[PDB]
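What follows is one structure encoded as structure tokens, with my remarks underneath.
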Amino acid sequence: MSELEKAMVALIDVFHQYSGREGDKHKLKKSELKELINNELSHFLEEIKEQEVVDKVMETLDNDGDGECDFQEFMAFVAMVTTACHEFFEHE
Amino acid sequence: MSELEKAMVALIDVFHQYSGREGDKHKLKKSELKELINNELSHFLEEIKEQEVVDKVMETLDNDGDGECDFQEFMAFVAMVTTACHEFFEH
Ligand SMILES: [Ca+2]
Ligand SMILES: [Ca+2]
Ligand SMILES: [Ca+2]
Ligand SMILES: [Ca+2]
Ligand SMILES: [Zn+2]
Ligand SMILES: [Zn+2]
């Protein structure tokens, strides 16, 4: 696989690692989301240590309002974090 | 770097690799988009050999309409391709 292809597969892999932990094996509940952010985004996102931060991050990404993050919502999440990182570094 | 953070940096890096070839250094034009898909998505998407295909792809992902693909547009393309890979290996 190319680097891009590997990146895509890694997105799908990290989602499933965290979503299959409890409940709907194909959705992130708040606790899986917090653990995904804490373990896998330590370098781009401030560690979450407060319930209200978990709550607000979910409220933000949850477009269909089932209180969980599904794959399509996770994709939007990756896009917002990636985009924020992209801009944070420009310009020079 | 976690494999997620690795994947994020790869997205930013592959985009600039292609967008900085020609014209605006921060957007993909059709030729840059074509070569991106042909070289970097060779295992996920059919090779682009026809002008009507690159045209359609750019039209499809250019949500603003500047005839080019910026980083935001590119991120939605990666989401579309990632979703299709996800479904392919399920069911
Ligand atoms: Ca779950
Ligand atoms: Ca949801
Ligand atoms: Ca360009
Ligand atoms: Ca555009
Ligand atoms: Zn799945
Ligand atoms: Zn840039």
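No value in this document is a laboratory result; all are computed from the given coordinates. All Cβ positions, even for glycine, are placed from backbone atoms using ideal geometry, and neighbour counts span all protein chains on display.
Other residues within the sphere of radius under 14 Å centred on the Cβ of residue B:24, judged by their own Cβ, net out at -4 (K and R +1, D and E -1).
Based on alpha-carbon positions alone, could you give the equivalent ellipsoid semi-axes of chain A from the gyration tensor, as √(5λ), descending, whole Å? Can you show the working numbers first?
Numbers: eigenvalues 91, 62, 30 Å².
Equivalent ellipsoid of chain A: 21, 18, 12 Å, largest first.
Among B:40, B:35, sorting on how many other beta-carbon atoms sit within 10 Å of each Cβ, with the fewest leading, yields B:35, B:40. Start at zero, step by 5 Å, and the Cα-Cα distances of the protein assembly as shown spread as 1, 8, 16, 20, 20, 14, 11, 7, 3, 1, 0 percent across the bins.
Can you compute the helix-only [θ] at 222 nm over the protein assembly as shown? Use -39500 (n - 2.57) per DSSP H run of at least 4 residues, normalise by all residues, nearest 500 deg cm²/dmol. Spell out each step's value before the answer.
Values: 8 runs with 114 residues, N = 183.
The per-residue figure over the protein assembly as shown is -20000 deg cm²/dmol.
With 27 Å as the limit, the listed pairs A:6/A:34; A:29/B:34; A:29/B:56; B:29/B:49 have A:29/B:34; A:29/B:56 beyond it between alpha carbons.
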